[PDB]
>>> print(open('run.cif').read())   # mmCIF, N, CA and C atoms
data_data
loop_
_atom_site.label_atom_id
_atom_site.label_comp_id
_atom_site.auth_asym_id
_atom_site.auth_seq_id
_atom_site.Cartn_x
_atom_site.Cartn_y
_atom_site.Cartn_z
N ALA A 1 0.85 -1.23 0.00
CA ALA A 1 0.00 0.00 0.00
C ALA A 1 0.87 1.26 0.00
N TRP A 2 0.40 2.32 -0.64
CA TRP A 2 1.01 3.65 -0.47
C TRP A 2 -0.05 4.67 -0.83
N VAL A 3 0.10 5.89 -0.31
CA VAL A 3 -0.80 6.99 -0.64
C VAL A 3 -0.15 7.94 -1.65
N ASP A 4 -0.85 8.17 -2.76
CA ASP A 4 -0.37 8.98 -3.85
C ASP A 4 -1.05 10.36 -3.78
N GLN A 5 -0.27 11.35 -3.35
CA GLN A 5 -0.73 12.71 -3.10
C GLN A 5 -0.22 13.63 -4.19
N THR A 6 -1.14 14.35 -4.83
CA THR A 6 -0.80 15.30 -5.87
C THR A 6 -1.63 16.57 -5.65
N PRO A 7 -1.09 17.74 -6.06
CA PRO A 7 0.25 17.95 -6.63
C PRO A 7 1.32 17.97 -5.53
N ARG A 8 2.55 17.62 -5.88
CA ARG A 8 3.66 17.62 -4.93
C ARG A 8 4.08 19.06 -4.57
N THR A 9 3.96 19.97 -5.53
CA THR A 9 4.22 21.39 -5.28
C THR A 9 3.12 22.24 -5.91
N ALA A 10 2.84 23.40 -5.32
CA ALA A 10 1.88 24.33 -5.90
C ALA A 10 2.20 25.78 -5.56
N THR A 11 1.97 26.67 -6.53
CA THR A 11 2.07 28.09 -6.29
C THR A 11 0.75 28.73 -6.71
N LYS A 12 0.18 29.52 -5.80
CA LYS A 12 -1.13 30.13 -6.00
C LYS A 12 -1.07 31.60 -5.65
N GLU A 13 -1.93 32.39 -6.28
CA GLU A 13 -2.06 33.79 -5.94
C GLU A 13 -2.95 33.90 -4.70
N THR A 14 -2.73 34.93 -3.89
CA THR A 14 -3.65 35.27 -2.81
C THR A 14 -5.09 35.34 -3.34
N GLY A 15 -6.02 34.70 -2.64
CA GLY A 15 -7.45 34.79 -3.00
C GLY A 15 -7.92 33.54 -3.73
N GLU A 16 -6.99 32.81 -4.33
CA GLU A 16 -7.31 31.64 -5.12
C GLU A 16 -7.47 30.40 -4.24
N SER A 17 -7.68 29.25 -4.86
CA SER A 17 -7.90 28.01 -4.11
C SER A 17 -6.92 26.91 -4.53
N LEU A 18 -6.78 25.89 -3.69
CA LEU A 18 -5.93 24.74 -3.96
C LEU A 18 -6.72 23.47 -3.71
N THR A 19 -6.67 22.55 -4.66
CA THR A 19 -7.19 21.23 -4.43
C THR A 19 -5.99 20.28 -4.33
N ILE A 20 -5.97 19.44 -3.29
CA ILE A 20 -4.98 18.37 -3.16
C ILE A 20 -5.72 17.03 -3.28
N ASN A 21 -5.22 16.13 -4.13
CA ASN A 21 -5.85 14.80 -4.27
C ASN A 21 -4.98 13.68 -3.73
N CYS A 22 -5.60 12.73 -3.01
CA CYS A 22 -4.88 11.58 -2.49
C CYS A 22 -5.63 10.30 -2.84
N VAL A 23 -4.91 9.30 -3.32
CA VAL A 23 -5.51 7.98 -3.45
C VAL A 23 -4.66 6.90 -2.78
N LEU A 24 -5.35 6.02 -2.05
CA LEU A 24 -4.71 4.89 -1.40
C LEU A 24 -4.53 3.79 -2.45
N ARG A 25 -3.28 3.62 -2.88
CA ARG A 25 -2.96 2.70 -3.98
C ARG A 25 -2.40 1.38 -3.48
N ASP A 26 -2.62 0.34 -4.28
CA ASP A 26 -2.02 -0.98 -4.03
C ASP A 26 -2.30 -1.50 -2.61
N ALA A 27 -3.53 -1.30 -2.16
CA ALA A 27 -3.90 -1.62 -0.78
C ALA A 27 -4.97 -2.70 -0.77
N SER A 28 -4.76 -3.70 0.08
CA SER A 28 -5.67 -4.81 0.18
C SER A 28 -6.84 -4.46 1.10
N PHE A 29 -6.60 -3.45 1.95
CA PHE A 29 -7.55 -3.03 2.98
C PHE A 29 -8.37 -1.83 2.50
N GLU A 30 -9.49 -1.60 3.16
CA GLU A 30 -10.41 -0.53 2.80
C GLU A 30 -10.02 0.79 3.46
N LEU A 31 -10.48 1.89 2.88
CA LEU A 31 -10.29 3.20 3.46
C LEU A 31 -11.35 3.40 4.54
N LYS A 32 -10.92 3.39 5.80
CA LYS A 32 -11.86 3.56 6.91
C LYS A 32 -12.09 5.01 7.32
N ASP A 33 -11.05 5.84 7.19
CA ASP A 33 -11.14 7.25 7.61
C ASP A 33 -9.99 8.03 7.01
N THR A 34 -10.04 9.36 7.15
CA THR A 34 -9.03 10.26 6.58
C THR A 34 -8.62 11.36 7.57
N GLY A 35 -7.43 11.93 7.33
CA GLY A 35 -6.92 13.06 8.11
C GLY A 35 -6.08 13.99 7.25
N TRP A 36 -6.10 15.28 7.60
CA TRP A 36 -5.31 16.29 6.93
C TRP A 36 -4.51 17.11 7.94
N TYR A 37 -3.32 17.53 7.51
CA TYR A 37 -2.33 18.15 8.38
C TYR A 37 -1.57 19.22 7.63
N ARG A 38 -1.01 20.16 8.37
CA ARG A 38 -0.11 21.12 7.75
C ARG A 38 1.00 21.58 8.69
N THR A 39 2.08 22.04 8.06
CA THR A 39 3.22 22.61 8.74
C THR A 39 3.45 23.94 8.07
N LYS A 40 3.24 25.02 8.83
CA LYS A 40 3.45 26.38 8.34
C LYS A 40 4.89 26.58 7.90
N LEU A 41 5.08 27.39 6.85
CA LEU A 41 6.42 27.69 6.35
C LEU A 41 7.25 28.30 7.48
N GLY A 42 8.47 27.79 7.66
CA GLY A 42 9.34 28.26 8.74
C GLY A 42 9.04 27.64 10.10
N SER A 43 8.15 26.65 10.12
CA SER A 43 7.84 25.91 11.34
C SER A 43 8.15 24.43 11.17
N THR A 44 8.26 23.71 12.28
CA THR A 44 8.66 22.30 12.24
C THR A 44 7.54 21.37 12.71
N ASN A 45 6.61 21.92 13.49
CA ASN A 45 5.52 21.10 14.01
C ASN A 45 4.27 21.05 13.14
N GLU A 46 3.84 19.82 12.88
CA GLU A 46 2.65 19.53 12.10
C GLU A 46 1.39 19.63 12.94
N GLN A 47 0.42 20.42 12.48
CA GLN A 47 -0.89 20.51 13.12
C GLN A 47 -1.98 19.89 12.26
N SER A 48 -3.06 19.44 12.90
CA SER A 48 -4.19 18.84 12.17
C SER A 48 -5.03 19.94 11.57
N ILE A 49 -5.70 19.62 10.46
CA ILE A 49 -6.66 20.53 9.86
C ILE A 49 -8.09 20.07 10.16
N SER A 50 -8.84 20.92 10.86
CA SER A 50 -10.27 20.71 11.08
C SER A 50 -11.03 21.02 9.79
N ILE A 51 -11.78 20.04 9.30
CA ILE A 51 -12.61 20.22 8.11
C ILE A 51 -13.78 21.18 8.40
N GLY A 52 -14.03 22.10 7.48
CA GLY A 52 -15.07 23.12 7.66
C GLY A 52 -14.56 24.51 7.33
N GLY A 53 -15.48 25.41 7.01
CA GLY A 53 -15.13 26.78 6.61
C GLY A 53 -14.39 26.78 5.28
N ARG A 54 -13.15 27.27 5.31
CA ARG A 54 -12.28 27.31 4.13
C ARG A 54 -11.80 25.94 3.62
N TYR A 55 -11.87 24.92 4.48
CA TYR A 55 -11.37 23.57 4.14
C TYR A 55 -12.54 22.62 3.90
N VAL A 56 -12.71 22.18 2.66
CA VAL A 56 -13.77 21.22 2.34
C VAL A 56 -13.15 19.92 1.84
N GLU A 57 -13.61 18.81 2.41
CA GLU A 57 -13.12 17.49 2.05
C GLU A 57 -14.14 16.74 1.21
N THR A 58 -13.64 15.94 0.27
CA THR A 58 -14.45 15.03 -0.54
C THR A 58 -13.86 13.62 -0.38
N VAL A 59 -14.68 12.66 0.03
CA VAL A 59 -14.21 11.28 0.26
C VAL A 59 -14.99 10.27 -0.60
N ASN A 60 -14.28 9.45 -1.36
CA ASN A 60 -14.88 8.32 -2.10
C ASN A 60 -14.21 7.03 -1.65
N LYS A 61 -14.87 6.33 -0.73
CA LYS A 61 -14.30 5.11 -0.17
C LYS A 61 -14.24 3.99 -1.20
N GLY A 62 -15.16 4.02 -2.16
CA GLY A 62 -15.23 3.03 -3.24
C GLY A 62 -13.95 2.98 -4.05
N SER A 63 -13.40 4.15 -4.34
CA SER A 63 -12.16 4.24 -5.10
C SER A 63 -10.97 4.63 -4.21
N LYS A 64 -11.20 4.59 -2.90
CA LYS A 64 -10.18 4.88 -1.89
C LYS A 64 -9.47 6.20 -2.14
N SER A 65 -10.23 7.20 -2.54
CA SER A 65 -9.66 8.49 -2.87
C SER A 65 -10.30 9.58 -2.05
N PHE A 66 -9.53 10.63 -1.81
CA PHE A 66 -10.01 11.74 -1.01
C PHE A 66 -9.27 13.02 -1.36
N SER A 67 -9.97 14.14 -1.22
CA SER A 67 -9.41 15.41 -1.60
C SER A 67 -9.77 16.53 -0.64
N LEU A 68 -8.90 17.53 -0.59
CA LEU A 68 -9.10 18.71 0.22
C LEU A 68 -9.00 19.90 -0.69
N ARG A 69 -9.98 20.80 -0.60
CA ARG A 69 -9.95 22.05 -1.33
C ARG A 69 -9.88 23.18 -0.32
N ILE A 70 -8.83 23.97 -0.41
CA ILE A 70 -8.65 25.11 0.47
C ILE A 70 -8.93 26.38 -0.33
N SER A 71 -9.94 27.13 0.09
CA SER A 71 -10.34 28.33 -0.63
C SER A 71 -9.80 29.61 0.01
N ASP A 72 -9.88 30.72 -0.73
CA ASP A 72 -9.46 32.04 -0.26
C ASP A 72 -8.05 32.06 0.36
N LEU A 73 -7.08 31.51 -0.36
CA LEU A 73 -5.69 31.39 0.10
C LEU A 73 -5.05 32.73 0.46
N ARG A 74 -4.23 32.72 1.51
CA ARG A 74 -3.44 33.88 1.91
C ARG A 74 -1.99 33.43 2.14
N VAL A 75 -1.08 34.39 2.25
CA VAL A 75 0.35 34.12 2.39
C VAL A 75 0.63 33.17 3.55
N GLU A 76 -0.08 33.38 4.65
CA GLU A 76 0.09 32.59 5.85
C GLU A 76 -0.35 31.11 5.66
N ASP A 77 -1.05 30.81 4.57
CA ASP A 77 -1.37 29.42 4.22
C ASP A 77 -0.18 28.65 3.67
N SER A 78 0.88 29.36 3.28
CA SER A 78 2.06 28.72 2.73
C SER A 78 2.58 27.67 3.70
N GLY A 79 3.01 26.54 3.15
CA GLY A 79 3.61 25.49 3.95
C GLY A 79 3.42 24.16 3.27
N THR A 80 3.60 23.09 4.04
CA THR A 80 3.45 21.73 3.54
C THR A 80 2.19 21.08 4.09
N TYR A 81 1.43 20.44 3.21
CA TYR A 81 0.18 19.79 3.56
C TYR A 81 0.30 18.31 3.27
N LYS A 82 -0.27 17.49 4.16
CA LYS A 82 -0.25 16.04 4.03
C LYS A 82 -1.60 15.46 4.34
N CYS A 83 -1.94 14.40 3.61
CA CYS A 83 -3.16 13.66 3.87
C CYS A 83 -2.77 12.33 4.52
N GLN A 84 -3.71 11.71 5.24
CA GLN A 84 -3.49 10.38 5.82
C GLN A 84 -4.71 9.52 5.62
N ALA A 85 -4.48 8.31 5.13
CA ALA A 85 -5.53 7.29 4.98
C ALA A 85 -5.48 6.38 6.20
N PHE A 86 -6.61 6.21 6.88
CA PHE A 86 -6.72 5.29 8.03
C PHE A 86 -7.39 3.98 7.66
N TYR A 87 -6.97 2.89 8.31
CA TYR A 87 -7.46 1.55 7.99
C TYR A 87 -7.23 0.59 9.17
N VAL A 88 -7.70 -0.65 9.03
CA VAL A 88 -7.50 -1.66 10.06
C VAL A 88 -6.89 -2.92 9.47
N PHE A 89 -6.16 -3.64 10.32
CA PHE A 89 -5.58 -4.93 9.96
C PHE A 89 -5.34 -5.77 11.22
N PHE A 90 -5.29 -7.08 11.03
CA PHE A 90 -5.02 -8.00 12.11
C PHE A 90 -3.55 -8.01 12.49
N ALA A 91 -3.30 -8.29 13.76
CA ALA A 91 -1.96 -8.17 14.33
C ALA A 91 -0.89 -8.95 13.55
N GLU A 92 -1.26 -10.11 13.00
CA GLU A 92 -0.28 -10.96 12.30
C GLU A 92 -0.28 -10.80 10.77
N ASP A 93 -1.13 -9.91 10.26
CA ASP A 93 -1.21 -9.67 8.82
C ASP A 93 -0.05 -8.75 8.40
N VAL A 94 1.12 -9.34 8.15
CA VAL A 94 2.34 -8.53 7.93
C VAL A 94 2.30 -7.71 6.66
N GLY A 95 1.53 -8.17 5.68
CA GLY A 95 1.35 -7.45 4.41
C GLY A 95 0.77 -6.06 4.59
N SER A 96 0.01 -5.86 5.68
CA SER A 96 -0.67 -4.59 5.93
C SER A 96 0.00 -3.68 6.97
N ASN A 97 1.16 -4.08 7.52
CA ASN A 97 1.72 -3.39 8.69
C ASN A 97 2.77 -2.25 8.47
N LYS A 98 3.00 -1.84 7.22
CA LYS A 98 4.07 -0.87 6.93
C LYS A 98 3.71 0.59 7.27
N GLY A 99 2.43 0.88 7.48
CA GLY A 99 2.03 2.24 7.92
C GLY A 99 2.29 2.48 9.40
N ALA A 100 2.04 3.71 9.87
CA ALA A 100 2.15 4.03 11.30
C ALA A 100 1.08 3.26 12.08
N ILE A 101 1.36 2.94 13.34
CA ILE A 101 0.35 2.37 14.26
C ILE A 101 -0.36 3.51 14.99
N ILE A 102 -1.68 3.53 14.89
CA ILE A 102 -2.49 4.62 15.48
C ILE A 102 -3.12 4.16 16.79
N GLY A 103 -3.47 2.87 16.85
CA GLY A 103 -4.04 2.30 18.06
C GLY A 103 -4.15 0.81 17.93
N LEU A 104 -4.55 0.17 19.03
CA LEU A 104 -4.80 -1.26 19.09
C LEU A 104 -6.14 -1.49 19.77
N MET A 105 -7.03 -2.18 19.05
CA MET A 105 -8.37 -2.50 19.54
C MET A 105 -8.33 -3.94 20.05
N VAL A 106 -9.00 -4.22 21.16
CA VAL A 106 -9.05 -5.60 21.66
C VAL A 106 -9.78 -6.51 20.67
N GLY A 107 -9.25 -7.71 20.48
CA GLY A 107 -9.67 -8.62 19.41
C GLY A 107 -8.58 -8.70 18.34
N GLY A 108 -7.41 -8.14 18.65
CA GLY A 108 -6.25 -8.20 17.76
C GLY A 108 -6.33 -7.31 16.52
N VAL A 109 -7.06 -6.21 16.59
CA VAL A 109 -7.20 -5.35 15.42
C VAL A 109 -6.37 -4.09 15.61
N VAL A 110 -5.44 -3.85 14.69
CA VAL A 110 -4.62 -2.66 14.77
C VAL A 110 -5.12 -1.57 13.83
N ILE A 111 -5.08 -0.34 14.31
CA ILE A 111 -5.47 0.80 13.49
C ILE A 111 -4.20 1.36 12.83
N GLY A 112 -4.19 1.39 11.50
CA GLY A 112 -3.01 1.82 10.74
C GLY A 112 -3.22 3.13 9.99
N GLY A 113 -2.14 3.81 9.63
CA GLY A 113 -2.23 5.07 8.88
C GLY A 113 -1.14 5.18 7.84
N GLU A 114 -1.50 5.56 6.61
CA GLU A 114 -0.50 5.84 5.56
C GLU A 114 -0.63 7.29 5.10
N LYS A 115 0.48 8.04 5.18
CA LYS A 115 0.53 9.43 4.74
C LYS A 115 1.04 9.64 3.31
N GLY A 116 0.46 10.62 2.62
CA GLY A 116 1.01 11.09 1.36
C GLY A 116 2.36 11.77 1.54
N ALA A 117 3.07 11.92 0.43
CA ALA A 117 4.42 12.50 0.44
C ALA A 117 4.42 14.01 0.70
N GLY A 118 3.28 14.67 0.61
CA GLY A 118 3.24 16.11 0.89
C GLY A 118 2.99 16.98 -0.33
N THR A 119 2.42 18.16 -0.08
CA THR A 119 2.23 19.19 -1.09
C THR A 119 2.87 20.45 -0.51
N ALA A 120 3.91 20.97 -1.16
CA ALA A 120 4.51 22.24 -0.74
C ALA A 120 3.79 23.40 -1.42
N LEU A 121 3.00 24.14 -0.65
CA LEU A 121 2.24 25.29 -1.18
C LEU A 121 2.95 26.64 -0.97
N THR A 122 3.08 27.41 -2.05
CA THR A 122 3.52 28.80 -1.97
C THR A 122 2.37 29.68 -2.43
N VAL A 123 1.87 30.52 -1.54
CA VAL A 123 0.90 31.52 -1.95
C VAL A 123 1.54 32.90 -1.94
N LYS A 124 1.43 33.58 -3.09
CA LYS A 124 2.12 34.84 -3.34
C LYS A 124 1.35 35.99 -2.70
N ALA A 125 2.05 37.08 -2.40
CA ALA A 125 1.43 38.29 -1.85
C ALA A 125 0.39 38.84 -2.83
N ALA A 126 -0.59 39.58 -2.31
CA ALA A 126 -1.56 40.30 -3.17
C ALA A 126 -0.91 41.38 -4.03
#
>>> encode(input="run.cif", output="structure tokens")
Amino acid sequence: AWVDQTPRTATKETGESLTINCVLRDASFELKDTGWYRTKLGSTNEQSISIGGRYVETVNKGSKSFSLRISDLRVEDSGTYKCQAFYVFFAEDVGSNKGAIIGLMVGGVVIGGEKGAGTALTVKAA
């Protein structure tokens, strides 16, 4: 499995919008949930993005794809954005274990996460 995140880089004018697309590729498991994150330019810590307002998400579990559209971009939006696909697998299913471990549910079910490679956004001054 891997998550294919596009575009890898983007430059936008202030006021415009950005769509980022992610698809969970080569995965035997289903897309159970999604997450979005960003790291502001000149910062090192990644914060989560709450869906709503300027951030609208579209999820198609059938094709294991998901997208985020960020509207009304400003300079302070510049930074790196990442998506994460969440899923489940059994403790001994080694084929499914290469993602991060998010939790462990009793009954031997592990919660896994695969992140996209990132989108580096530059939004230009007005």
>>> atom_distance(input="run.cif", atom1="atom C of residue A:32", atom2="atom N of residue A:100")
14.4 Å
>>> resolve_selection(input="run.cif", expression="the PyMOL selection byres (((chain A and resi 91 and name CA) around 9) and name CA)", output="list in words")
residues 89, 90, 92, 93, 94, 97, 104, 108, 109 and 110 of chain A
>>> resolve_selection(input="run.cif", expression="the PyMOL selection byres ((chain A and resi 55) around 6)", output="list in words")
residues 51, 52, 53, 54, 56, 57, 69, 70 and 71 of chain A
>>> write_last_selection(input="run.cif", atoms="N, CA and C atoms", output="PDB file, keeping the file's coordinate frame")
ATOM      1  N   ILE A  51     -11.780  20.040   9.300  1.00  0.00           N
ATOM      2  CA  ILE A  51     -12.610  20.220   8.110  1.00  0.00           C
ATOM      3  C   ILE A  51     -13.780  21.180   8.400  1.00  0.00           C
ATOM      4  N   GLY A  52     -14.030  22.100   7.480  1.00  0.00           N
ATOM      5  CA  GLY A  52     -15.070  23.120   7.660  1.00  0.00           C
ATOM      6  C   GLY A  52     -14.560  24.510   7.330  1.00  0.00           C
ATOM      7  N   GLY A  53     -15.480  25.410   7.010  1.00  0.00           N
ATOM      8  CA  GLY A  53     -15.130  26.780   6.610  1.00  0.00           C
ATOM      9  C   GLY A  53     -14.390  26.780   5.280  1.00  0.00           C
ATOM     10  N   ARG A  54     -13.150  27.270   5.310  1.00  0.00           N
ATOM     11  CA  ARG A  54     -12.280  27.310   4.130  1.00  0.00           C
ATOM     12  C   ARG A  54     -11.800  25.940   3.620  1.00  0.00           C
ATOM     13  N   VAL A  56     -12.710  22.180   2.660  1.00  0.00           N
ATOM     14  CA  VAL A  56     -13.770  21.220   2.340  1.00  0.00           C
ATOM     15  C   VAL A  56     -13.150  19.920   1.840  1.00  0.00           C
ATOM     16  N   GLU A  57     -13.610  18.810   2.410  1.00  0.00           N
ATOM     17  CA  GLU A  57     -13.120  17.490   2.050  1.00  0.00           C
ATOM     18  C   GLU A  57     -14.140  16.740   1.210  1.00  0.00           C
ATOM     19  N   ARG A  69      -9.980  20.800  -0.600  1.00  0.00           N
ATOM     20  CA  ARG A  69      -9.950  22.050  -1.330  1.00  0.00           C
ATOM     21  C   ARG A  69      -9.880  23.180  -0.320  1.00  0.00           C
ATOM     22  N   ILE A  70      -8.830  23.970  -0.410  1.00  0.00           N
ATOM     23  CA  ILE A  70      -8.650  25.110   0.470  1.00  0.00           C
ATOM     24  C   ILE A  70      -8.930  26.380  -0.330  1.00  0.00           C
ATOM     25  N   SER A  71      -9.940  27.130   0.090  1.00  0.00           N
ATOM     26  CA  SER A  71     -10.340  28.330  -0.630  1.00  0.00           C
ATOM     27  C   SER A  71      -9.800  29.610   0.010  1.00  0.00           C
TER      28      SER A  71
END
>>> atom_distance(input="run.cif", atom1="atom C of residue A:12", atom2="atom C of residue A:49")
20.8 Å
>>> residues_around(input="run.cif", residues="stretch 18-26 of chain A", least_positions_apart="5", cutoff="5 Å", atoms="all atoms listed in the file", output="list in words")
residues 1, 2, 3, 4, 5, 6, 7, 64, 65, 66, 67, 68, 69 and 70 of chain A
>>> write_last_selection(input="run.cif", atoms="N, CA and C atoms", output="tab-separated table (two decimals), keeping the file's coordinate frame")
chain	number	residue	atom	x	y	z
A	1	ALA	N	0.85	-1.23	0.00
A	1	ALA	CA	0.00	0.00	0.00
A	1	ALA	C	0.87	1.26	0.00
A	2	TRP	N	0.40	2.32	-0.64
A	2	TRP	CA	1.01	3.65	-0.47
A	2	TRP	C	-0.05	4.67	-0.83
A	3	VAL	N	0.10	5.89	-0.31
A	3	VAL	CA	-0.80	6.99	-0.64
A	3	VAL	C	-0.15	7.94	-1.65
A	4	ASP	N	-0.85	8.17	-2.76
A	4	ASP	CA	-0.37	8.98	-3.85
A	4	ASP	C	-1.05	10.36	-3.78
A	5	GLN	N	-0.27	11.35	-3.35
A	5	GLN	CA	-0.73	12.71	-3.10
A	5	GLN	C	-0.22	13.63	-4.19
A	6	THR	N	-1.14	14.35	-4.83
A	6	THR	CA	-0.80	15.30	-5.87
A	6	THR	C	-1.63	16.57	-5.65
A	7	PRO	N	-1.09	17.74	-6.06
A	7	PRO	CA	0.25	17.95	-6.63
A	7	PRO	C	1.32	17.97	-5.53
A	64	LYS	N	-11.20	4.59	-2.90
A	64	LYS	CA	-10.18	4.88	-1.89
A	64	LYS	C	-9.47	6.20	-2.14
A	65	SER	N	-10.23	7.20	-2.54
A	65	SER	CA	-9.66	8.49	-2.87
A	65	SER	C	-10.30	9.58	-2.05
A	66	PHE	N	-9.53	10.63	-1.81
A	66	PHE	CA	-10.01	11.74	-1.01
A	66	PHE	C	-9.27	13.02	-1.36
A	67	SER	N	-9.97	14.14	-1.22
A	67	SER	CA	-9.41	15.41	-1.60
A	67	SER	C	-9.77	16.53	-0.64
A	68	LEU	N	-8.90	17.53	-0.59
A	68	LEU	CA	-9.10	18.71	0.22
A	68	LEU	C	-9.00	19.90	-0.69
A	69	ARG	N	-9.98	20.80	-0.60
A	69	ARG	CA	-9.95	22.05	-1.33
A	69	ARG	C	-9.88	23.18	-0.32
A	70	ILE	N	-8.83	23.97	-0.41
A	70	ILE	CA	-8.65	25.11	0.47
A	70	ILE	C	-8.93	26.38	-0.33
>>> resolve_selection(input="run.cif", expression="the PyMOL selection byres ((chain A and resi 39) around 8)", output="MDAnalysis selection string")
chainID A and resid 37:38 40:48 77:82
>>> select_by_dssp(input="run.cif", residues="stretch 31-117 of chain A", states="strand (DSSP E or B)", output="MDAnalysis selection string")
chainID A and resid 33:40 47:48 52 55:60 65:70 79:90 100:105 109:115
>>> closest_residue(input="run.cif", among="A:122, A:28, A:50, A:84", to="residue A:9", atoms="only N, CA and C atoms")
A:122
>>> atom_distance(input="run.cif", atom1="atom C of residue A:75", atom2="atom C of residue A:125")
8.5 Å
>>> closest_residue(input="run.cif", among="A:126, A:10, A:105, A:31", to="residue A:61", atoms="all atoms listed in the file")
A:31
>>> closest_residue(input="run.cif", among="A:124, A:119, A:76, A:62", to="residue A:29", atoms="only C-alpha atoms")
A:62
>>> closest_residue(input="run.cif", among="A:16, A:86, A:95, A:8", to="residue A:73", atoms="all atoms listed in the file")
A:16
>>> select_by_dssp(input="run.cif", residues="chain A", states="helix (DSSP H, G or I)", output="JSON, numbers by chain")
{"A": [75, 76, 77, 94, 95, 96]}
>>> decode(input="run.cif", residues="stretch 17-71 of chain A", atoms="C-alpha atoms", output="PDB file, in the first residue's frame")
ATOM      1  CA  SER A  17      -7.897  28.013  -4.114  1.00  0.00           C
ATOM      2  CA  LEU A  18      -5.927  24.741  -3.958  1.00  0.00           C
ATOM      3  CA  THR A  19      -7.187  21.230  -4.425  1.00  0.00           C
ATOM      4  CA  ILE A  20      -4.976  18.367  -3.156  1.00  0.00           C
ATOM      5  CA  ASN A  21      -5.852  14.796  -4.271  1.00  0.00           C
ATOM      6  CA  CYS A  22      -4.882  11.575  -2.486  1.00  0.00           C
ATOM      7  CA  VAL A  23      -5.509   7.982  -3.451  1.00  0.00           C
ATOM      8  CA  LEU A  24      -4.705   4.889  -1.401  1.00  0.00           C
ATOM      9  CA  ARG A  25      -2.959   2.704  -3.979  1.00  0.00           C
ATOM     10  CA  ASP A  26      -2.016  -0.979  -4.030  1.00  0.00           C
ATOM     11  CA  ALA A  27      -3.905  -1.617  -0.780  1.00  0.00           C
ATOM     12  CA  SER A  28      -5.671  -4.814   0.182  1.00  0.00           C
ATOM     13  CA  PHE A  29      -7.551  -3.025   2.980  1.00  0.00           C
ATOM     14  CA  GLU A  30     -10.411  -0.528   2.796  1.00  0.00           C
ATOM     15  CA  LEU A  31     -10.291   3.201   3.461  1.00  0.00           C
ATOM     16  CA  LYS A  32     -11.857   3.557   6.906  1.00  0.00           C
ATOM     17  CA  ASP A  33     -11.143   7.252   7.605  1.00  0.00           C
ATOM     18  CA  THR A  34      -9.028  10.256   6.580  1.00  0.00           C
ATOM     19  CA  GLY A  35      -6.918  13.056   8.107  1.00  0.00           C
ATOM     20  CA  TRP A  36      -5.309  16.294   6.928  1.00  0.00           C
ATOM     21  CA  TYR A  37      -2.327  18.150   8.376  1.00  0.00           C
ATOM     22  CA  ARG A  38      -0.107  21.116   7.753  1.00  0.00           C
ATOM     23  CA  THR A  39       3.219  22.615   8.743  1.00  0.00           C
ATOM     24  CA  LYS A  40       3.450  26.380   8.344  1.00  0.00           C
ATOM     25  CA  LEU A  41       6.417  27.690   6.346  1.00  0.00           C
ATOM     26  CA  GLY A  42       9.343  28.261   8.738  1.00  0.00           C
ATOM     27  CA  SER A  43       7.841  25.914  11.345  1.00  0.00           C
ATOM     28  CA  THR A  44       8.662  22.299  12.240  1.00  0.00           C
ATOM     29  CA  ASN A  45       5.524  21.098  14.014  1.00  0.00           C
ATOM     30  CA  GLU A  46       2.655  19.529  12.096  1.00  0.00           C
ATOM     31  CA  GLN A  47      -0.885  20.510  13.125  1.00  0.00           C
ATOM     32  CA  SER A  48      -4.188  18.837  12.174  1.00  0.00           C
ATOM     33  CA  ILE A  49      -6.664  20.533   9.864  1.00  0.00           C
ATOM     34  CA  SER A  50     -10.272  20.713  11.079  1.00  0.00           C
ATOM     35  CA  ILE A  51     -12.615  20.223   8.113  1.00  0.00           C
ATOM     36  CA  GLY A  52     -15.070  23.118   7.658  1.00  0.00           C
ATOM     37  CA  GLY A  53     -15.135  26.776   6.607  1.00  0.00           C
ATOM     38  CA  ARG A  54     -12.284  27.310   4.126  1.00  0.00           C
ATOM     39  CA  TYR A  55     -11.371  23.573   4.136  1.00  0.00           C
ATOM     40  CA  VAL A  56     -13.770  21.225   2.340  1.00  0.00           C
ATOM     41  CA  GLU A  57     -13.117  17.493   2.046  1.00  0.00           C
ATOM     42  CA  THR A  58     -14.446  15.029  -0.540  1.00  0.00           C
ATOM     43  CA  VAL A  59     -14.212  11.280   0.255  1.00  0.00           C
ATOM     44  CA  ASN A  60     -14.878   8.325  -2.102  1.00  0.00           C
ATOM     45  CA  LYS A  61     -14.295   5.114  -0.170  1.00  0.00           C
ATOM     46  CA  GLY A  62     -15.234   3.033  -3.235  1.00  0.00           C
ATOM     47  CA  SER A  63     -12.159   4.244  -5.101  1.00  0.00           C
ATOM     48  CA  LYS A  64     -10.180   4.877  -1.885  1.00  0.00           C
ATOM     49  CA  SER A  65      -9.656   8.490  -2.871  1.00  0.00           C
ATOM     50  CA  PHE A  66     -10.010  11.741  -1.015  1.00  0.00           C
ATOM     51  CA  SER A  67      -9.414  15.415  -1.604  1.00  0.00           C
ATOM     52  CA  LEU A  68      -9.103  18.705   0.224  1.00  0.00           C
ATOM     53  CA  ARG A  69      -9.945  22.047  -1.331  1.00  0.00           C
ATOM     54  CA  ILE A  70      -8.652  25.114   0.471  1.00  0.00           C
ATOM     55  CA  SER A  71     -10.338  28.329  -0.632  1.00  0.00           C
TER      56      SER A  71
END
